[PDB]
Structures are given as structure tokens and as C-alpha cells.
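# begin with these chain(s), straight out of the complex:
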Amino acid sequence: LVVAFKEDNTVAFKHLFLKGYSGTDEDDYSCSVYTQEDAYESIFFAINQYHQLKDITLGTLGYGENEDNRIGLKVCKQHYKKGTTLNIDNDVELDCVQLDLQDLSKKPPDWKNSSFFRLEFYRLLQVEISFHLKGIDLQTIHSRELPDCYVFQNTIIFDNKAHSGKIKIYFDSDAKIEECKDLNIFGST
């Protein structure tokens, strides 16, 4: 459970998945956005970087299995419930979409034009992207005589819970040692 390996990977993930990430966290969150375009650009950047991860990462990474034993990312949006001037009820509605690698690979990407991604920011509490990545620590392949395999449970949160006109973008990564699943490491062929 090498803290350095867990930590060094997280920094690299912030640079890969957070559009415009300056290199240092802004406060408790990694960065923020103040406009609808920047919010959409940041959400779509994270998704497109996951899709193309194979040709981006400089690590010994691979896609990981999710709760259903499938590879892909989940996108959740929490909105205040609407009704029939201020058309909002305090009841929160949670919508989710699972995007498989085939869905992202499709040309044109039909997911971008979905009604799910037409956000209503005036009643939006947050958007949460979540995906799993499997990585190997090669500094222990020769030491242990069996590679230290890690499972990263990555989560990107676009928190708009303040409703102050700024969205705080958080990047969480939970690493856990695991056994090898014989999953393909991006670079190897």
C-alpha cells in the first residue's frame, strides 16, 4: 500500500482528467469554473480523456471493472425536482448514465447530444463522473517476484451546491492493493 505510488498516480490523474489543471489544488478542491461553457468543456474533457486513455497515460495502467463487471464510466447528475417563477421543489432527483467504451468509440458520439447532458444549472446540485483504473507498480516487480497491482476508484465531482456562480471540481482517488486480473496494460500488445 505504497503511499507514494498511490499519491504520485493521483497527481497524474488530476493532470489527465481535469481540463486546465494548473498543477496545484485551488483550495480543498482542485479547480473551479465560472461559466456554462467551461463547465461543459470540463465534463466532456474528462470523458474524452477516459476514452483516449490508452494514447495519453505515461503509466502502467489499464481500465478497471465497475460494480456490474463492465468497463466504462458512470455519470450522475443531482438536480432539484421541478413542478407543475421559482419552479423548484427541495426534493432532489438523481439521474445516472453508464457509458461503455463502445458508446464512447461510436462515430459520431451520440452521448454528447443526449438529453442527459443538457444541464439546467439553476437547479443543478452536482455532476459526478466515476471510473475504475487498474495500475502496476513496476518498482516492486523485481523486488517481490510478483507485481503490486492497485485498483483506483476515481471520482470527479462538479459541486454547484453553493449556487454562487462557481462550480468546485474535486478529484478523489481510492487506491487498494489487488491481485492481477490479467487485464490489458495500455501500452502492451
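All right, it came through fine. Numbers count the residues shown, from 1 in each chain, chains lettered A, B, ... in the order given.

# in chain A, which spans are strands?
A:31-33, A:61-63, A:72-82, A:88-100, A:124-137, A:148-159, A:167-178 (DSSP state E).

# ok, and for stretch A:166-182, which residues are buried?
A:167-171, A:173, A:175 (16 or more other CB atoms under 10 Å). In this view, the C-beta of every residue, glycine as well, is placed from N, C-alpha and C.

# surely residue A:19 meets residue A:39?
No - contact criterion CB atoms under 8 Å: residue A:19 and residue A:39 do not qualify, at 10.3 Å.

# more neighbours: those two, which one.
residue A:39 (20 against 16; other CB atoms under 10 Å).

# mind listing what that one touches?
For residue A:39, the contacting residues are A:33, A:119, A:121, A:158, A:167, by CB atoms under 8 Å, 6 or more residues apart in numbering.

# so the last one makes contact with residue A:33?
Yes - using CB under 8 Å, residue A:167 makes contact with residue A:33 at a distance of 4.9 Å.

# what is in contact with these two at once?
Joint contacts of residue A:167 and residue A:33 (CB under 8 Å, 6+ apart) are A:39, A:158.

# what about the residue nearest to residue A:120 when sequence neighbours are not counted, neighbour count?
For residue A:120, ignoring the flanking residues on the chain, the nearest one in space by CB to CB, 6 or more residues apart in numbering is residue A:79 at 6.4 Å. Residues within reach of residue A:79, counting by other CB under 10 Å, total 19.

# now the sequence for chain B, which goes on the structure above:
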Amino acid sequence: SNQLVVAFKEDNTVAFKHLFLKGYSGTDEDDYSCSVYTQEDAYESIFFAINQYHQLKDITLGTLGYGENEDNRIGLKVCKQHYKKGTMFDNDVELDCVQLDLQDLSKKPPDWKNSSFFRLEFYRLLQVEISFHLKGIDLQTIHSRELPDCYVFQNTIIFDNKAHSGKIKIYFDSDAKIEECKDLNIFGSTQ
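With chain B now in place:
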């Protein structure tokens, strides 16, 4: 009973500085937010603020809406102070004002950009002042369906050239006050 949350007033002001101040770095330069040292950057900053107001519906991430100004109309007021024309020039200062309605900004091309008002003579310019009202709702602390209180933001952007040193100091002031919502529409909402 005090009902204004300082955090909500201040968090919104930070966001307005990002929306209306062109190139705003994220932190204030000194007592003023940012400065400009050329005529182009000065015009670009003036025009950026007006165009951001115009397109606010598609920019803001808050629960905002346009607010009725001092005289009950919708829109933003631009003002310029300048030493009156003379042989190199009390009441030596001349104050010209211009009220731009939502329809004036919506014309494509906005005819306001080509106005003689916006042809500034920087050698005798004291300052330019942009002023507009925004209404906002704190959803985190309403906890009620009807009777939502709204923060009335009395926003002002000042382009101070009173020093005449070659630098224009850009200030952003925002005065929040709790008020009745009074039937004004929240940008992303529909029925």
C-alpha cells in the same frame, strides 16, 4: 432580523468579477481588481463587460436574473466623465450617460458599439462607469417553496483614469440587499 449571508454575497461577487472583468486573474491587483495600459485593452474590457451582460443567460452558473434598475427599466447604464472641450481646458468635468435596454444589445449588429458615445478621448477622460442590477436566490438556505427572498446585486464597474498616469484602474463594486423576488425570471428556467 438579519437574513443576508455574507458568504453568499461575497461568493457571488467573486463570480461576477470572473464573468465581467476581461482577463481577471482570480485575485485582485490591489484595492482595484485589474488594470489596463492601452486604448485597445481599455475598449476590449469595456465591451467585454457589456457583451457578458447581454449573454448572461448562457454564461452564469447561479440562480440569477436581470434586475430592474434605479428607474424601474431593464438594462445597463454606461457613463463617462471627461474634462469639457476648451483650449487645453470650476465644473471643468462633463458627465455623459447612456442607458442600453435588452433590445438594444440584442440587435445584430449591436448599433451601440458604433455610437459616438463609445469614441473615448482618453487625454480628457476621468472615468467610465458601467452599472446594472442582478437578482439572485440562495437555494441552499430557502427551505421554502413560495416566499423566496432574492439578493438584489447593484453591480458597478469603474474604469478610473483620474490619475492620468497611463494606467486605468478597473474596480468592481457589488451591493447586495435582501428583497422581494417580485416576478423576475431565473435564466435557465422554463414552463
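
# now with chain B: the nearest residue to residue A:120?
residue B:188 (4.9 Å; CB to CB, 6 or more residues apart in numbering or on different chains).

# correct me, but the one you found touches residue A:122?
Yes - counting by CB under 8 Å, residue B:188 touches residue A:122, with 3.9 Å between them.

# more neighbours, those two?
Legend: neighbour count by other CB atoms under 10 Å in any protein chain shown for residue B:188 and residue A:122, higher for residue A:122 (25 against 19).

# wait, the more buried one sits on residue B:185?
No - using CB under 8 Å, residue A:122 is not in contact with residue B:185; the gap is 10.2 Å.

# about what we covered before: what's the overlap in contacts for residue B:188 and residue A:122?
Common neighbours of residue B:188 and residue A:122 are not found (criterion: CB atoms under 8 Å, 6 or more residues apart in numbering or on different chains).

# for residue A:77, list each beta-bridge partner.
Residue A:77 forms beta bridges with residue A:95, residue A:127, as assigned by DSSP bridges.

# who touches it in this structure?
A:94-96, A:116, A:119, A:124, A:126-128.

# repeat for residue A:123
Residue A:123 neighbours (CB under 8 Å, 6+ apart): A:79-80, A:82, A:88, B:63, B:139, B:188-189.

# how about residue A:164?
B:7-8, B:11-12, B:14-15, B:62.

# chain C should go on the structure too:
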Amino acid sequence: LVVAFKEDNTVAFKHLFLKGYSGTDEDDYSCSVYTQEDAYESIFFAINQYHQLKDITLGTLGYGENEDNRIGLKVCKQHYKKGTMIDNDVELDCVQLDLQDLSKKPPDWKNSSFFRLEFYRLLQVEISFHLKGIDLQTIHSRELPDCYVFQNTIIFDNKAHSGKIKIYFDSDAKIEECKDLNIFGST
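Let me put chain C in with the others:
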């Protein structure tokens, strides 16, 4: 005297004539360049900002008459004489560029043999010009007109020959009563 007006103007001049000036000085010098392209771009930027000063400045400025009652900027270069590669012989070449020379379309000065620098033997390039400015806060109260003459100098120092050129901006302000002189935008 009004130090604030002298210093506030120097800050503005650094933003107007120093290409890419970040807003704060780098060390004792304002900024530096590490390539020939950046060095040429910085020299030409200063000159072109002088030429177009009328449509750039936010102050109450005007061009200043040089020591010999002339309008324009002077550009001086210091190159080593053809050495090995006397103590040391340096070739100090100068060019005076009048406002009519800068106004000529196309600018023939850019294509001059003067501006074909040999950086391996270049000690420095120095751009110098005069600007006259008025402090309108001295006319706000009484009717006494306080005028200033700025003796501006931009120096591209390659005297170390270490691969970096240090760019210094000096400005000497002197209170000299104006004589109904031309100010940008006045009619």
C-alpha cells in the same frame, strides 16, 4: 516634487515598450530574452509601439523634441570589431529614425543592414526617445500647468555573452514648462 506621477508613468511605459513585460521586474532589469527571434521581436515591438503611441497611450502624452530639436527615436548598437574568435575596439553604430521614416509604407528601416545584428559579437542595443506628459491633477485645483519630459531608454544588455539578454527600461523625468505642444487626440 510629484514622485508618484514620475513612477506611475514609468510603470505604464514598461507595459507599452517591453514586449511580454509580465508586470513585475525580473531582477535589476525588467525582462530578458534567450533567443535571436525574441531579441528581434522585442526590439521591433518597442519601435512599433513608439510609432503607434498616439493610438496606444491612456495618458496625456506627446512626442518630445530631442536635444537637437528633432522628433524620433535613436537606436545604437555596440559590436566588437573583427577579433580573433589595444585594450578592446568596439564599433558604436547609431541610427536616428524620424516619425516620417516610421510612417513610410512599407517601413524600409526594418529591412536595413543596421538591424542585421551579429549576436556573437553584440555588446548591446539601446533605444532612446523623449516623451512629454502633463499632470492634469495640478490643473484640477489652480491654473499652473505642471509638465514633464521623460528621457526614456531601453537597453538590451548582452555584455555577459551568457545566452541571455537583459532588458532595462530607464526613464528620467524633469519638470519643464510646455510650450503649446501637441498631445495625442488634441484638436
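
# the contacts of residue A:39 with chain C there, same question as before?
A:33, A:119, A:121, A:158, A:167, B:61.

# I'd say the third one and residue A:160 touch.
Yes - under the criterion of CB under 8 Å, residue A:121 lies in contact with residue A:160, with a separation of 6.8 Å.

# ok, residue A:53 to chain B distance?
Computed as CB to the nearest CB, to the nearest Å, the residue A:53 to chain B distance reads 28 Å.

# now residue A:18
Distance from residue A:18 to chain B, by CB to the nearest CB: 16 Å.

# for that residue, give me the backbone phi and psi.
Phi and psi for residue A:18, reported as degrees, to the nearest 10, are phi -100, psi 110.

# mind listing what it touches?
A:30-31, A:42, A:45-46, A:156, A:169, A:171.

# in chain A, what residue lies closest to chain C?
Residue nearest to chain C within chain A: residue A:22 (16.8 Å; CB to the nearest CB).

# correct me if wrong: that residue contacts residue A:31.
Yes - using CB under 8 Å, residue A:22 is in contact with residue A:31, at 6.9 Å.

# do I have it right that residue A:63 meets residue A:57?
No - the pair residue A:63 and residue A:57 fails to qualify as a contact (CB under 8 Å) at a distance of 10.8 Å.

# can you pull the contacts of residue A:183?
Applying CB under 8 Å, 6+ apart to residue A:183 gives the contacts A:62-65, A:134.

# with that, I have no additional questions.
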